[PDB]
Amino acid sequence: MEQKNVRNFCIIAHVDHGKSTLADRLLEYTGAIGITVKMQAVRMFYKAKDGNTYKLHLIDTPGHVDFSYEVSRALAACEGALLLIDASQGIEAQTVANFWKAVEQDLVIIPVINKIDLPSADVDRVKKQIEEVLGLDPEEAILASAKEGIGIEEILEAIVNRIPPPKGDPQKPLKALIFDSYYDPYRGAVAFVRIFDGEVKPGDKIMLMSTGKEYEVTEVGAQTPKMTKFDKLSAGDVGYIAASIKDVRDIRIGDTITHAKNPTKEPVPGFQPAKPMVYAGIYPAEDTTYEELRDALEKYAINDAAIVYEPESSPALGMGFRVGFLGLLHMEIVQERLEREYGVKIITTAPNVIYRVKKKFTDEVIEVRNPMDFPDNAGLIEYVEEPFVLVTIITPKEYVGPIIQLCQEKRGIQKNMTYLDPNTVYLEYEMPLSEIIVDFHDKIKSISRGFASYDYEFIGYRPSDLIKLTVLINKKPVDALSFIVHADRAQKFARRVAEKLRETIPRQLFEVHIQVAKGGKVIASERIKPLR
């Protein structure tokens, strides 16, 4: 055979623990060394100690909770996972979250303790966490230093020896999982796939199972590390497929590729279309025009299958777009790329979640993605529901108090509390996503001096006493500033907002009066004295 000598794995680790550095050592070690494609579906050849040469496929994985779905699809493409832990940090929020996603996909997990070179490295501690928190055999852990290439070979041997080979039938109908993708100006929309059953080759007539759309394969291969064309990809392989595909939304992550003529029985399970959770209005800033902004968004969207947006207008700001993102990082990523890659200046509103509103006289509940569209008439509202998430937090004991007070301030309900070790606390909180996206990240970071980490997962919608607040400047209402808040938190948010603009607005002549109203009732006033 030969598929018996294949190894499909990924690296999962909390941000900064050394994922990239380690992947570099692996490629370097194995020899794997402008129309430049992101690292993905990298094929490597490794001659093990047992004398045999193995074909290893490194699947790159997202690291932020925003790309959780994408992360799970990549894990579904592997047989194993290298769980990288910083020896000087120990297990953190994403370490645990990823570990469980790996477990959920029945992956063989190889814990790798990185940064053993650091003076602050504490292996015995980390080994202790691995056993008590993860339930893994401390002795299975591999000690390494990706910075100094220490333990690389040991990792490659663990991959060969502990991770089982792919199991599929190349003679069966094609069945390939799409775990990633990107837009290639020449090849078109290309999908990075894991082949479970069958084979695929140029000229083949393929079909996407979620849509039933068909294409003719023009090229297949993998990164070696450069995009290299192969004659085919067979059961067990990881690579890419080009087939004159218009855009990345035609080859959605998690979808299944099969043959149009002889389609596989069922698609790989777990497909889910992209699901925006956080929206914000984006308007041109400075000299940048609406056209340039729209042009930039169109060009950007080509390479992003999750983003959505639609024209939006505000009296003050004018013409802009209501954009939906997977989360705060996704939003940040998009902003930086519009300004840095298309060089447009933008003004972004405070982000907001999607509310479900039930109004009298309207049978179906409405999804509100823009606060401006939240009904102005409170009496017409029967109820409002907002998304909630389960937040997991890991922090040194010393900061538990301030953190608990923060979560509670943000309407969090504690569900669990455990000790990862004598000085490390684990916390689980059910919190509204709307509270988490305002300033939770920086507050939790400053109070923990950056030592606390957190992760979260959507757990559903729940009714809440939410209301719409409007912001007025010189009796002039700025709909772009209207926002949704819980009735009990309204007063504080109002003050913060007013006090925020009191500084954000440039001191000038005519006194500017900032008011935050609650259905016509001013509940926060802030005015900046006229110049002179």
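Start at 1 with the first residue shown and count on from there.
Residue-level annotation: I12 has coordinates in all of the other entries compared, counting only those that model residues on either side of it, so it never reaches the one-third mark.
Judged by the one-third criterion across other entries of this protein, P477, modelled here, is also modelled in every one of those that cover both its neighbours. In this entry, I33 is separated from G34 by 10 or more residues of the deposited sequence that have no coordinates. Of the two segments, 88 to 96 and 141 to 149, the one listed with the higher mean B-factor is 141 to 149 (C-alpha atoms only). Per-stretch averaging of Cα B factors for 414 to 422 and 175 to 183 places 414 to 422 on top. The entry lists C-alpha B-factors for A487, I484, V471, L58, and the highest of these is at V471. The entry assigns its greatest Cα B factor, within the set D197, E435, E286, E430, to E286. Sort the modelled residues of the chain by CA B factor and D465 lands in the middle third. Remark: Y54 belongs to the middle third of its chain, ranked by C-alpha B-factor as recorded. Among all modelled residues in this chain, the alpha-carbon of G281 has a temperature factor (C-alpha) in the lowest third.
Per-chain ranking of the deposited C-alpha B factor places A378 in the middle third. Ranked within its chain, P166 lands in the middle third, by CA B factor from the PDB record.
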